[PDB]
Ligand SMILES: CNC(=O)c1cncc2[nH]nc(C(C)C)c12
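A lone chain, given as C-alpha cells: the form solved without this ligand.
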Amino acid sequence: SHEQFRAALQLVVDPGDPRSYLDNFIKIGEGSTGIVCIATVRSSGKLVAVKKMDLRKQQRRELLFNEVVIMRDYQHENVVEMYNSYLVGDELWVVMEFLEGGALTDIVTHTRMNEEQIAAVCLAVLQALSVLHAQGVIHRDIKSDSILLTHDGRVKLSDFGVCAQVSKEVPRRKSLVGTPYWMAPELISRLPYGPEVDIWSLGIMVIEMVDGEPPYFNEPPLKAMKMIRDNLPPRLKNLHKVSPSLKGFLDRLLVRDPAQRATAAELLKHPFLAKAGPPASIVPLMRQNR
C-alpha cells in the first residue's frame, strides 16, 4: 500500500536523484507535510530549497499530488516556483526556489509592521489569489507561515500541499483542512465552501500582522474553532492602532456570510492597498536587518 503509492508517484515525478547535483543539505524548517532544506547546486554554487515529505507520515497521502499539479500548472510572480520533483526512497522531494528572506511569521512575532508594509503584503497575496481563484484553485492554508520573502522583500505564497480545485463539476470543497486559528467559519461548520476561505484566512493574517498573533491564540485549537464558528467576527486586540482605511479593508475580509465576503479581485481595488510600498519597504523587517 505504501509501496503501491511509491509506484504511483514514480510515474509522475522526474526521473533520478537530485543528490547527484546538490551538496550541503541543511535543514531550515518544518511544516505539516515534512521538512525544508537548503542545498547548494554543485555546478553553479547557487542555493535552492528542497521540500522532503515522507510518504509514511502523511494523514492523507494523496494530497502529495497537489505539489505536482501546482508545479506543472500554475506558476506566477507571487508564487514560489517549483523546479523538479523526485522520489528518493520513501520520500517525495521537491526542488524549488529558495526564499532566503524567510517566512512572514518571523517578522510578525518580532517587530511591528506599518501600514505601508501590511498593505504591500496584502497586495502581493491578493495578486496571487485572484489568479489562483480565477482558475479554481483554493490554497486553504493562508497564514504568515505560508508567506515567504526574497532578500529584497518580494512576497510569495508557498506550501500548496493542502490546496484543492473547484470548477463547474465540483463547485465546492468539503474537507476539514487548514490551521485552526485561521480556518473560515463555514469551513469549521462543515458547509461546502469555495475560494472565500482564503479571504477569511487572509483577514486573520492581517490580525497577525497587526497584533503579532491570530485571535484566541491562548486557547487550545478546538476551543478556538468553536469560538470562530459561533461568535461574531474576531476583533483586533488593538483597534486604536489601525487607520480606518485598514479597519474598512479588514471588514471586507472577516465576513461571516461567505457570499458577502469580498473576493480577491474586488479587494485589489480597495483603497487600503493604495498605501502599499515597494518590496524595498519590507526589507528592514527581516531578521538580518533588524
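Throughout, we count residues from 1 along the sequence that is shown.
Looking at mean Cα B-factors across 216-224 and 171-179, the upper value is held by 216-224.
Look at the mean CA B-factor for 89-97 and for 69-77 in the entry; the higher one is 69-77. Per the deposited record, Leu191 carries the highest C-alpha B-factor of all listed residues (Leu191, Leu157, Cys122, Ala164). Within the group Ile26, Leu47, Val50, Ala259, the record's highest C-alpha temperature factor is found at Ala259.
Compared with the other modelled residues of the chain, the Cα B-factor recorded for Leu55 ranks in the highest third. Among the modelled residues of the chain, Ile282 sits in the middle third by CA temperature factor in this PDB entry. Per-chain ranking of the deposited C-alpha B factor places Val13 in the lowest third. In the PDB entry, a CA B factor belonging to the highest third of its chain's modelled residues is recorded for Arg112.
For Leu64, the recorded CA B-factor ranks within the middle third of the chain. Only modelled residues enter the ranking.
This protein has a second form, the form solved in complex with this ligand, left out of what is shown; the following refers to that one.
The site on this chain is open, since this ligand, superimposed from its pose in the deposited complex on the surrounding C-alphas, has no atom within 2.4 angstroms of any backbone or C-beta atom. In the deposited complex, this ligand lies within 4.5 Å of some heavy atom of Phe98. In the deposited complex, no heavy atom of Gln117 sits within 4.5 Å of this ligand. The closest non-hydrogen atom of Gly212 lies beyond 4.5 Å of this ligand in the deposited complex.
Interface membership of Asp159, defined by any non-hydrogen atom within 4.5 Å of this ligand in the deposited complex, is confirmed. With the partner omitted here, the residue from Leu148, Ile199, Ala164, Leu132 that has a non-hydrogen atom within 4.5 angstroms of this ligand in the deposited complex is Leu148.
Proximity to this ligand in the deposited complex, taken as a non-hydrogen atom within 4.5 angstroms, holds for one residue of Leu236, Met227, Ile28, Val41, which is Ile28. Contact with this ligand in the deposited complex, defined as any heavy atom within 4.5 Å, is confined among 191-199, 90-98, 165-173, 117-125 to 90-98.
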